[PDB]
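Written out below as structure tokens is the structure these notes cover.
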Amino acid sequence: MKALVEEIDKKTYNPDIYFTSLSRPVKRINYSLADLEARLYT
Amino acid sequence: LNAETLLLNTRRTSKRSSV
Amino acid sequence: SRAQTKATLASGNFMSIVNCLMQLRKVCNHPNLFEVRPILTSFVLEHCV
Amino acid sequence: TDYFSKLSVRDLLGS
Amino acid sequence: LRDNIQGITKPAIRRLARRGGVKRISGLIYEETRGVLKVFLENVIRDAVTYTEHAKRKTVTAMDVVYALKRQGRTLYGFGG
Amino acid sequence: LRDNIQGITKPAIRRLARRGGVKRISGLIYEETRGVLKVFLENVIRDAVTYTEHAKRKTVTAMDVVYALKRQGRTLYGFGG
Amino acid sequence: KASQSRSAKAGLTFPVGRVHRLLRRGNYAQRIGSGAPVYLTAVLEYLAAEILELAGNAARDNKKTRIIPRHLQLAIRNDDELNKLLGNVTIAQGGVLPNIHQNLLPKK
Amino acid sequence: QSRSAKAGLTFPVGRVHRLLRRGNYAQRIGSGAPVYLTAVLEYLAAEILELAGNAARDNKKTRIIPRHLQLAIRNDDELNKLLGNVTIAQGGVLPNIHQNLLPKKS
Amino acid sequence: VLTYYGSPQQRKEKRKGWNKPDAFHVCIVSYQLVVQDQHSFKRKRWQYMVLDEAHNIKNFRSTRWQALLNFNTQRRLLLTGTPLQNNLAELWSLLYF
Amino acid sequence: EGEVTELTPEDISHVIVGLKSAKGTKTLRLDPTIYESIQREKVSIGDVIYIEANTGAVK
Amino acid sequence: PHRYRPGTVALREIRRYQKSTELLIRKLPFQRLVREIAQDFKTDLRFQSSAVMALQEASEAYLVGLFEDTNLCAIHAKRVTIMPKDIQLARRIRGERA
Amino acid sequence: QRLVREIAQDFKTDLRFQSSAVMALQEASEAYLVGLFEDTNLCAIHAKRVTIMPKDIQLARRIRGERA
Amino acid sequence: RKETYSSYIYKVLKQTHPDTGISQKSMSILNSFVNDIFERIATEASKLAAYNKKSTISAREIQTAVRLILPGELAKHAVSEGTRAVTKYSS
Amino acid sequence: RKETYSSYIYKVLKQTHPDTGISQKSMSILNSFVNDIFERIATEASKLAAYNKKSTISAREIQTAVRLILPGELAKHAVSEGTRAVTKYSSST
């Protein structure tokens, strides 16, 4: 049901941040020289 | 042996300036 | 009782029997060596009905 | 030294 | 299995740096050095393991390590190959 | 042909460094850059010319340059390889 | 009479027969397994298709129909595994990916 | 008579030819290639060994050990340039201390 | 009597002066340090040598048995309680020593 | 089961307690009920404590 | 009691360890490490002592080379103690990190 | 082209070049120089200076190993 | 006569993106890249066989080589494609 | 059965320096560098032959491979000695 005892790491733990995460499948990357130029400018 | 034997001609010398 | 112990005895590997004897002696000398007396506590049900 | 080894495995165990 | 990478003792790293002639070492270097070392080993051992698989033998050999190093562009003398 | 080491000019070094994103430059950089370029060119040219002379040849072809660079480990694509 | 190329039998566009002949002429071994040239053709086709796809994506994002070396440099440098693969390779007139160190900017 | 003797080479020119033929480096090998390669290898060995021996004698030792061999190779800039990517087991490192690290004021 | 024991720095401090004639009359040392420090003891000449608790010697296959056998000595004495308890093989080993 | 080395409250708020054992050390986050148990057990820093996770009992 | 100043023993040991040739990383811990790594790559791969010794030699060479490069780098920043930034900078400039 | 002609003429008499060879030499030179410059930039950054100085290039070379 | 992969590169490109064109410079870059990577794989195979003292370069040798040269994910995709080609050949 | 260059290495060393010895570690290192340089030269010659479309490696192939691999001064003396050896062998006919 509910865990009365939890183990924590003082480096990773804080109440501020809770986080959890897991034809070739890969994330797309944008070759937009205009958008990159904007990024570096801003 | 000795330095003189090292200097003796009875050996294959090399001629490079560094050696 | 443990069948694997019996099998070990049957093996006749002198080392294995020596180890078994060592375990027996440990058990006789003080049970904490072989298995700490488990601290008994109530069974916990996952969720009430 | 044999003495202890002359007690065979079943001779140590007994019946 | 447990944690061997930490097992490489701090004195080991310290003496290695000592050979490098460095006067003083910041404490953080130890973790970074361990990371670098582990990465390197991972690559080399990967190559050695695939070489052993190619040989079909179950035992890795010094020849496999020599070929793995050579592929990385590092040449080792004295162990043959 | 004389003084062509100067022929590179400062502004060319400036533009090339600009490609490198350097925001601030020093006057001394130009001479050092010229020296580095000189030794690089000398090595590449010697390799290319020896590649040429093998073939009972007189004209250094782009093949000689590209394979000389390959022997220096610098790999270049797009010139008929 | 009629025949079908070994490439079509494998299902590859690259000339597997030409690969086989080039291997044989390269004298890399006294004996060449018939599976080697097909396997080479397959891997080569995969790599070619991948690089071409990346270049085409770069072209579309640039909004230019003709791949020029700029696009190839963009594709090769972007894909980090290819970038590490080809780190010693320079592409003619490829240029470089824009990159500015944060501390060089006045702010933002 | 051995081909090595006819050439006057210490290394086994015949074995070199055997290796080059078997080594599938090329379809054919001109008889001048093995003799040239053999002479080159012999020469290089001569210099490296001379340097190693000189280093050993420097130590006042007489058996070349990887320490002495490493010293020899690194002492020569061009041999270093050839072996710049070669690691010698038990080679050690050259004595290198930066002048800024020396104790006391200048 | 010199009691040769301790950590290596004090151990070598205790070594200091051992080569001088009549620096000491007898040295007593433990088998662990004999297997540790064999070079020091082997270099010196030890006249009459005694081994206590010779039953520890019993295995001729042990490295310490070999080391002890190599040690140059003018006379040897082996002391142990009741070795006869042991298998003949060990008795032969001791006699060979 | 541990000897206690730190006692910090997450502010009835969760408590943060450090524990060591012969093989090593660990820091734990315990529910407010366990915090009440520890407070009512007169645990000090440097005390040795036994926590059964199933029942949430502190001895 | 007499006591050397900070860095006197530094240089002393610098000299000492530069002179010596003996392998510096403890054999058994290294063997355990490599065995673990191999087990991660593939289970039940046997390693004879020669292989682990060779790999340990190679590792030492790579590490010492990195340390040399970082030592040269650090003093350029006018400092005498190396810091992680020196490690990452040297590795990146080597073209190992990128 | 003047520089490469001069260096080759010093190295060997009566050479000729392909135009494409000279163009490839220019391309390779520019690539190497941009790489060197970016390395120098990172070195100067590490020094905590924006003005690149010869020592920064020298350091880049050494870490690269062209003069180690 | 001279033969190059250029035509096959053009074919595969058209398969990938019908509406996209390609420059001669990019065509030559791709031809040089495929030639180079073929050479690299062939050398790796030769070296491996030499160590193993096997006279025949089989698909298996090339496969292991491909794992050596390519990054792990790219190597996996390459081996998968090669095995699929082998299966189709088996038909 | 196997073969090694250790014997010849010992011979040449003695001819340079009769009084100096070699341990197996150094001997194996020497064997290894000789092997590495031999492989390097042979692969360079194979490349240069294939590049000029020649099927037969030759004194020219090895000459030019040595030109490429060896540092210029070391190359010059290596080629000089190799030429001397080749010409004396040919004159032996």
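Numbering starts fresh at 1 for the residues of each chain in the structure tokens, the chains themselves are lettered A, B, ... in the order given, and ligands are numbered from 1 as they appear.
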Original post:
Once chain E is best-fit onto chain F by all Cα atoms in order, what RMSD in Å is left?
Top reply: 0.7 Å
Subject >> Residue list for chain E near chain N as a PyMOL selection string, 8 Å, only C-alpha atoms >> reply: chain E and resi 77-81
Subject >> Residues of chain N within 12 Å of chain G, only C-alpha atoms counted, as a count of residues only >> reply: 9
Wanna dump the chain G-chain M contacts at 8 Å for me, each residue with its shortest atom pair and the distance in Å to one decimal, counting only C-alpha atoms, ordered by chain and number, as CSV?
```
residue,atom,partner,partner_atom,distance
G:9,CA,M:89,CA,6.0
G:10,CA,M:89,CA,4.9
G:11,CA,M:85,CA,6.8
G:12,CA,M:85,CA,7.7
G:13,CA,M:8,CA,6.5
G:14,CA,M:8,CA,5.9
G:15,CA,M:8,CA,7.9
G:23,CA,M:42,CA,7.5
G:28,CA,M:46,CA,5.5
G:29,CA,M:55,CA,6.1
G:30,CA,M:55,CA,5.9
G:31,CA,M:56,CA,4.5
G:32,CA,M:57,CA,5.0
G:33,CA,M:58,CA,4.3
G:34,CA,M:58,CA,7.0
G:35,CA,M:59,CA,4.6
G:36,CA,M:59,CA,4.2
G:37,CA,M:59,CA,7.8
G:38,CA,M:85,CA,7.0
G:39,CA,M:82,CA,5.0
G:40,CA,M:38,CA,7.4
G:42,CA,M:82,CA,5.1
G:43,CA,M:78,CA,5.2
G:44,CA,M:34,CA,6.7
G:46,CA,M:78,CA,6.6
G:47,CA,M:78,CA,7.8
G:48,CA,M:34,CA,7.2
G:49,CA,M:12,CA,6.7
G:52,CA,M:13,CA,6.4
G:53,CA,M:16,CA,6.8
G:56,CA,M:17,CA,7.3
G:65,CA,M:20,CA,5.0
G:66,CA,M:21,CA,4.4
G:67,CA,M:22,CA,4.8
G:68,CA,M:26,CA,5.8
G:69,CA,M:26,CA,5.8
G:72,CA,M:26,CA,7.4
G:81,CA,M:71,CA,6.4
G:85,CA,M:71,CA,7.3
G:91,CA,M:29,CA,7.7
```
Subject >> Shortest interatomic distance to chain F - which of L:42, L:47, L:68, L:15, counting only C-alpha atoms >> reply: L:15
Once you count only C-alpha atoms, what closest atom pair and distance in Å to one decimal does each residue of chain H within 8 Å of chain K have, with rows by chain and rising residue number, as JSON lines?
```
{"residue": "H:67", "atom": "CA", "partner": "K:21", "partner_atom": "CA", "distance": 7.2}
{"residue": "H:87", "atom": "CA", "partner": "K:61", "partner_atom": "CA", "distance": 7.0}
{"residue": "H:89", "atom": "CA", "partner": "K:57", "partner_atom": "CA", "distance": 6.4}
{"residue": "H:90", "atom": "CA", "partner": "K:21", "partner_atom": "CA", "distance": 5.7}
{"residue": "H:91", "atom": "CA", "partner": "K:21", "partner_atom": "CA", "distance": 7.0}
{"residue": "H:92", "atom": "CA", "partner": "K:21", "partner_atom": "CA", "distance": 5.3}
{"residue": "H:93", "atom": "CA", "partner": "K:18", "partner_atom": "CA", "distance": 6.4}
{"residue": "H:94", "atom": "CA", "partner": "K:18", "partner_atom": "CA", "distance": 7.4}
{"residue": "H:95", "atom": "CA", "partner": "K:18", "partner_atom": "CA", "distance": 6.5}
{"residue": "H:101", "atom": "CA", "partner": "K:80", "partner_atom": "CA", "distance": 7.7}
{"residue": "H:103", "atom": "CA", "partner": "K:8", "partner_atom": "CA", "distance": 8.0}
```
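Considering only C-alpha atoms, the residue among G:75, G:51, G:2, G:84 positioned nearest to residue 29 (chain A) is G:75.
Taking only C-alpha atoms, the non-local environment of residue 12 (chain D) within 12 Å (same-chain residues fewer than 3 positions away omitted) comprises residues 9, 17, 18, 20 and 21 of chain C; 3, 4, 5, 6, 7, 8, 9 and 15 of chain D.
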Expected file: the selected residues, N, CA, C and O atoms, as a PDB file, in the first residue's frame:
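Written out: result.pdb:
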```pdb
ATOM      1  N   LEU C   9      27.217 -35.183   1.397  1.00  0.00           N
ATOM      2  CA  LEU C   9      27.782 -36.327   2.109  1.00  0.00           C
ATOM      3  C   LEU C   9      28.054 -37.488   1.158  1.00  0.00           C
ATOM      4  O   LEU C   9      29.123 -38.108   1.202  1.00  0.00           O
ATOM      5  N   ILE C  17      32.839 -32.633   3.132  1.00  0.00           N
ATOM      6  CA  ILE C  17      32.519 -33.183   4.448  1.00  0.00           C
ATOM      7  C   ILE C  17      33.157 -32.350   5.554  1.00  0.00           C
ATOM      8  O   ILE C  17      32.542 -32.118   6.601  1.00  0.00           O
ATOM      9  N   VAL C  18      34.413 -31.933   5.369  1.00  0.00           N
ATOM     10  CA  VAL C  18      35.057 -31.067   6.358  1.00  0.00           C
ATOM     11  C   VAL C  18      34.241 -29.796   6.570  1.00  0.00           C
ATOM     12  O   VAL C  18      34.030 -29.357   7.707  1.00  0.00           O
ATOM     13  N   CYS C  20      30.988 -29.368   5.983  1.00  0.00           N
ATOM     14  CA  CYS C  20      29.782 -29.776   6.699  1.00  0.00           C
ATOM     15  C   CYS C  20      30.037 -29.903   8.197  1.00  0.00           C
ATOM     16  O   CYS C  20      29.254 -29.411   9.015  1.00  0.00           O
ATOM     17  N   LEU C  21      31.091 -30.632   8.568  1.00  0.00           N
ATOM     18  CA  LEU C  21      31.505 -30.729   9.967  1.00  0.00           C
ATOM     19  C   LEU C  21      31.690 -29.354  10.599  1.00  0.00           C
ATOM     20  O   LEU C  21      31.286 -29.125  11.743  1.00  0.00           O
TER      21      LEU C  21
ATOM     22  N   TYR D   3      45.236 -41.069  12.238  1.00  0.00           N
ATOM     23  CA  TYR D   3      44.198 -41.361  13.228  1.00  0.00           C
ATOM     24  C   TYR D   3      42.871 -40.656  12.953  1.00  0.00           C
ATOM     25  O   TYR D   3      41.816 -41.297  12.904  1.00  0.00           O
ATOM     26  N   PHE D   4      42.905 -39.333  12.777  1.00  0.00           N
ATOM     27  CA  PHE D   4      41.669 -38.600  12.514  1.00  0.00           C
ATOM     28  C   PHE D   4      41.105 -38.935  11.138  1.00  0.00           C
ATOM     29  O   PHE D   4      39.883 -38.996  10.960  1.00  0.00           O
ATOM     30  N   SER D   5      41.978 -39.156  10.152  1.00  0.00           N
ATOM     31  CA  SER D   5      41.510 -39.544   8.825  1.00  0.00           C
ATOM     32  C   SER D   5      41.038 -40.992   8.795  1.00  0.00           C
ATOM     33  O   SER D   5      40.213 -41.355   7.949  1.00  0.00           O
ATOM     34  N   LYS D   6      41.545 -41.830   9.703  1.00  0.00           N
ATOM     35  CA  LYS D   6      41.099 -43.217   9.766  1.00  0.00           C
ATOM     36  C   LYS D   6      39.675 -43.339  10.287  1.00  0.00           C
ATOM     37  O   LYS D   6      39.022 -44.359  10.040  1.00  0.00           O
ATOM     38  N   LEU D   7      39.181 -42.328  10.999  1.00  0.00           N
ATOM     39  CA  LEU D   7      37.751 -42.184  11.236  1.00  0.00           C
ATOM     40  C   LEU D   7      37.051 -41.777   9.945  1.00  0.00           C
ATOM     41  O   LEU D   7      36.964 -40.587   9.628  1.00  0.00           O
ATOM     42  N   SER D   8      36.560 -42.761   9.194  1.00  0.00           N
ATOM     43  CA  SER D   8      35.926 -42.503   7.911  1.00  0.00           C
ATOM     44  C   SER D   8      34.669 -41.648   8.083  1.00  0.00           C
ATOM     45  O   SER D   8      34.193 -41.399   9.194  1.00  0.00           O
ATOM     46  N   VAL D   9      34.142 -41.186   6.945  1.00  0.00           N
ATOM     47  CA  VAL D   9      33.038 -40.228   6.952  1.00  0.00           C
ATOM     48  C   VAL D   9      31.845 -40.792   7.714  1.00  0.00           C
ATOM     49  O   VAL D   9      31.284 -40.138   8.602  1.00  0.00           O
ATOM     50  N   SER D  15      25.738 -44.229  12.959  1.00  0.00           N
ATOM     51  CA  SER D  15      24.566 -44.866  12.369  1.00  0.00           C
ATOM     52  C   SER D  15      23.753 -43.876  11.540  1.00  0.00           C
ATOM     53  O   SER D  15      23.381 -44.158  10.400  1.00  0.00           O
TER      54      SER D  15
END
```
Subject >> For residue 89 (chain N): contacts at 8 Å, only C-alpha atoms, fewer than 6 positions along chain excluded, given as a ChimeraX atom specification >> reply: /H:6-8
Requested write-out: C-alpha atoms of the selected residues, as a short mmCIF file (atom, residue, chain, number, x, y, z; two decimals), in the first residue's frame:
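In the end it all went to again.cif:
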```
data_model
loop_
_atom_site.label_atom_id
_atom_site.label_comp_id
_atom_site.auth_asym_id
_atom_site.auth_seq_id
_atom_site.Cartn_x
_atom_site.Cartn_y
_atom_site.Cartn_z
CA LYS H 6 74.81 -13.42 -50.78
CA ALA H 7 73.13 -10.15 -49.82
CA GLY H 8 75.20 -9.88 -46.64
#
```
**OP:** For residue 34 (chain H), please output as number ranges by chain all residues within 10 Å (counting only C-alpha atoms; exclusion window: fewer than 2 positions along the same chain).
**Re:** H: 12-20, 29-32, 36-40; N: 42, 57-59, 62, 86
With N, CA and C atoms retained, write the just-selected residues as a compact mmCIF listing (two decimals), in the first residue's frame.
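Okay, this is what ended up in selection.txt:
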```
# COMPACT_ATOMS: atom_id res chain seq x y z
N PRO H 12 66.79 -13.05 -41.77
CA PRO H 12 66.57 -14.13 -42.73
C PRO H 12 65.78 -13.69 -43.95
N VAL H 13 66.48 -13.14 -44.95
CA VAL H 13 65.83 -12.64 -46.16
C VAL H 13 64.85 -13.66 -46.72
N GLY H 14 65.21 -14.94 -46.68
CA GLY H 14 64.30 -15.96 -47.16
C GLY H 14 63.00 -16.00 -46.37
N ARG H 15 63.10 -15.94 -45.04
CA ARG H 15 61.89 -15.92 -44.22
C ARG H 15 61.09 -14.65 -44.48
N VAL H 16 61.77 -13.53 -44.74
CA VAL H 16 61.06 -12.30 -45.07
C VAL H 16 60.27 -12.47 -46.36
N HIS H 17 60.89 -13.08 -47.37
CA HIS H 17 60.18 -13.37 -48.62
C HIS H 17 58.99 -14.28 -48.37
N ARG H 18 59.19 -15.33 -47.57
CA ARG H 18 58.10 -16.24 -47.24
C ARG H 18 56.94 -15.48 -46.61
N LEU H 19 57.24 -14.62 -45.64
CA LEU H 19 56.20 -13.87 -44.96
C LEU H 19 55.47 -12.94 -45.92
N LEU H 20 56.22 -12.24 -46.78
CA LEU H 20 55.59 -11.31 -47.72
C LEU H 20 54.69 -12.05 -48.70
N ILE H 29 55.89 -10.31 -55.66
CA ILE H 29 56.95 -9.62 -54.94
C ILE H 29 58.23 -9.67 -55.77
N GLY H 30 58.72 -8.50 -56.17
CA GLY H 30 60.00 -8.42 -56.85
C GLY H 30 61.14 -8.77 -55.91
N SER H 31 62.08 -9.57 -56.41
CA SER H 31 63.21 -10.05 -55.61
C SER H 31 63.97 -8.93 -54.90
N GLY H 32 63.87 -7.69 -55.37
CA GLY H 32 64.51 -6.58 -54.68
C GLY H 32 63.78 -6.11 -53.44
N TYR H 36 65.58 -5.26 -49.83
CA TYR H 36 65.50 -3.87 -49.38
C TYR H 36 64.88 -3.80 -47.99
N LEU H 37 63.73 -4.45 -47.81
CA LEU H 37 63.08 -4.48 -46.51
C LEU H 37 64.00 -5.04 -45.44
N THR H 38 64.69 -6.14 -45.74
CA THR H 38 65.58 -6.76 -44.78
C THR H 38 66.68 -5.80 -44.35
N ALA H 39 67.31 -5.13 -45.33
CA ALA H 39 68.34 -4.15 -45.00
C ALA H 39 67.79 -3.04 -44.13
N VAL H 40 66.58 -2.55 -44.45
CA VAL H 40 65.99 -1.46 -43.67
C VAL H 40 65.76 -1.90 -42.23
N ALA N 42 55.22 -3.19 -45.17
CA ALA N 42 54.56 -4.07 -46.13
C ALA N 42 53.20 -3.52 -46.53
N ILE N 57 55.11 -5.85 -56.09
CA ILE N 57 55.94 -4.99 -55.27
C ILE N 57 57.40 -5.15 -55.72
N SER N 58 58.20 -4.12 -55.46
CA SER N 58 59.54 -4.04 -56.03
C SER N 58 60.42 -3.23 -55.10
N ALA N 59 61.72 -3.20 -55.43
CA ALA N 59 62.65 -2.32 -54.74
C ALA N 59 62.14 -0.88 -54.72
N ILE N 62 59.28 -0.64 -51.95
CA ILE N 62 59.83 -0.60 -50.60
C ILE N 62 60.60 0.70 -50.38
N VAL N 86 71.20 -3.96 -51.67
CA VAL N 86 70.56 -4.47 -52.88
C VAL N 86 71.58 -4.58 -54.01
```
Original post:
Using the chain letters and numbers from this document, which residues of chain K does DSSP assign to helix (DSSP H, G or I), as a count of residues only?
Top reply: 66
**OP:** Extract, using only C-alpha atoms, all DNA, RNA and protein residues at most 12 Å from residue 8 (chain B), discarding same-chain residues fewer than 4 positions from it, and format them as a VMD selection string.
**Re:** (chain B and resid 1 to 4 12 to 13) or (chain N and resid 16 to 18)
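You can rank K:69, K:84, K:46, K:97 by their closest distance to chain L using only C-alpha atoms, and at the top of that list sits K:69.
CA of residue 29 (chain I) is positioned 10.0 Å from CA of residue 51 (chain I).
Note that the spacing between CA of residue 72 (chain E) and CA of residue 89 (chain K) amounts to 21.0 Å.
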Original post:
Could you name the residues that touch residue 10 (chain N) at 10 Å or less, counting only C-alpha atoms, but leaving out those on the same chain fewer than 3 positions away, as a ChimeraX atom specification?
Top reply: /H:49 /N:5-7,13-18,20-22,27
**OP:** Go ahead and compute the interatomic distance for CA of residue 47 (chain C) and CA of residue 58 (chain J), in Å to one decimal.
**Re:** 21.6 Å
**OP:** Name the residues of chain M that fall into strand (DSSP E) according to DSSP on the backbone, using the chain letters and numbers of this document, as a ChimeraX atom specification.
**Re:** /M:21-22,56-57
